[PDB]
Each structure stands twice: as structure tokens, then as C-alpha cells.
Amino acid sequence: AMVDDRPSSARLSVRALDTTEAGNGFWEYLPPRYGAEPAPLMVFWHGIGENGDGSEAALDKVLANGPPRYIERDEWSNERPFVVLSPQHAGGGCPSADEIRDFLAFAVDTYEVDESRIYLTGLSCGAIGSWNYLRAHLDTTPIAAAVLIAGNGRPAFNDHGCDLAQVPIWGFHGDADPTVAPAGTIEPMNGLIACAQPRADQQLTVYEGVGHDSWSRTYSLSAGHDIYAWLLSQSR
């Protein structure tokens, strides 16, 4: 097949709140081969600093960190096969479990995606929300794996224990984080890793001496943890 090979920003589109069926404004990134075969899906949730009302103007905030930052800057490899959606959370705190559920339902209904390869990822509030999403919806979640950075999964693991270990998770945290305590990732990932086989893959990365921003070095691969290859190795 012949394939679009323009840099990633060429396929980045703003989808403001109330221009789609979604309950969030979001950034839409389509991979080069979108449409040719069902694509893996990645839904990324931003941190609290980037909250906004989902309008086009407000959505610019979401470009600050994570996948949409690299996509907008043409620093997101064309080899990456994901549809990447980056919704904006409105209001004052972290996205809720049901907000994340509803947006994942929208995404799967709307895009030509491989439903066996739905990936959830977030940083800070976006990770906190994703953990809470798993706590609420573990028994029905369609996701294949999650990469959760600088969040708090203690309630989710306290609730479910090794039942949660059926979802593959890679948790990341800086151990000097003064904003979200690193026990938030370390305790649940240690618990999940200790869970007996058969269980999903579980990984924990602790950046020693690193503060709250443990996401830049993760999503950019400057720290050498290939979260994209790991996600793609997971499926339902």
C-alpha cells in the first residue's frame, strides 16, 4: 500500500466540545494507515494544569504535555500505528471514572479502531482518573493495557487486589514527587507484581530523585522506557 508520510502534525485535528457526540473537546491524531485496517487506539488524559472548557481556544492547553505535545511538534514517529485521542477535562479536579468510560465508548463507536487493542494512558490527574476508572469499571472495561504516570492507584488496588492484575499496567513515578506521593504508584504496582500467575504483565518504573514531572521522560522516550512497544505487545 502507498502511505501518507507527512509529519505527525499534518494529521492532528481539533475537535471542540459540541462539534461531536463526545462529552469532551479533544485532539484527534490519525496514524498514516488509518482506514486501511482497524488501528490500535490510545486515549490520553492530561494533568490538572491543562483543564479547560473543551473549546478550540481552551484545547490549546492540552498540547503542553504528553502524546499531543509530541504530535503537534512533529516529534511523534510515523511508525506509531495508534489513533491518539486527547480529551480535555473541564472543571477543577481530575476526570471521573464515568467521564473516562463515556469517552472510551465514544471513541470506539466513532473511529475505525481495533477493539482488541485499546490503550489508556495519563499523567497526574489524568492517571488518577484512569486508576479510578479501573476501580469502577474493572469488570467491564474493554481496555488492553494502561500506562499510568504520577497517579494514585492505591484505592483501586485496595478495592480489587489481584483481580486488578488481569489488566496489564505499567506505572511510572518520580520518587521525589512533592505533589502526588510516589506511594500512589509504587504500592499498587508492587501489589500487582506480587500477584500470582496467571496474570497480566505488570511493570513499575521509579525515577530516583525525580519530582512530579515523570511524564516528559516517559512519553518522549528520553528515559529509554519504550512504552509504545510494550502497549502494542498487549491485546484482549
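The numbering used is simple: start at 1 and walk along the sequence shown.
* Asked: Higher mean Cα B-factor in the deposited model: 117 to 125 or 102 to 110?
  -> Mean B over CA atoms: larger for 102 to 110.
* Of 89 to 97 and 149 to 157, the one with larger mean CA B-factor -> The entry gives the higher C-alpha B-factor average to 89 to 97.
* By the entry's C-alpha temperature factors, tell me which of 63, 204, 196, 180 sits highest. => That would be 196, according to the entry.
* Out of 56, 28, 50, 208, which shows the largest CA B-factor listed in the entry? -> When the deposited C-alpha B-factors of 56, 28, 50, 208 are compared, 56 is largest.
* Asked: With respect to C-alpha B-factor, does residue 222 fall in the lowest, middle or highest third of the chain as deposited?
  -> Lowest third of the chain for residue 222's C-alpha B-factor.
* Asked: Which third of the chain holds residue 191 when residues are ordered by C-alpha B factor: lowest, middle or highest?
  -> Its C-alpha B-factor, which the entry lists for residue 191, ranks in the middle third among residues of this chain.
* Asked: In terms of the CA temperature factor given in the entry, to which third of its chain does residue 212 belong: lowest, middle or highest?
  -> Answer is lowest: the recorded C-alpha B-factor places it there.
* Asked: residue 168's Cα B-factor: lowest, middle or highest third of the chain?
  -> It belongs to the middle third of the chain when residues are ordered by C-alpha B-factor.
* Asked: Where does residue 130 sit by CA temperature factor within its chain: lowest, middle or highest third?
  -> Lowest third of the chain for residue 130's C-alpha B-factor.
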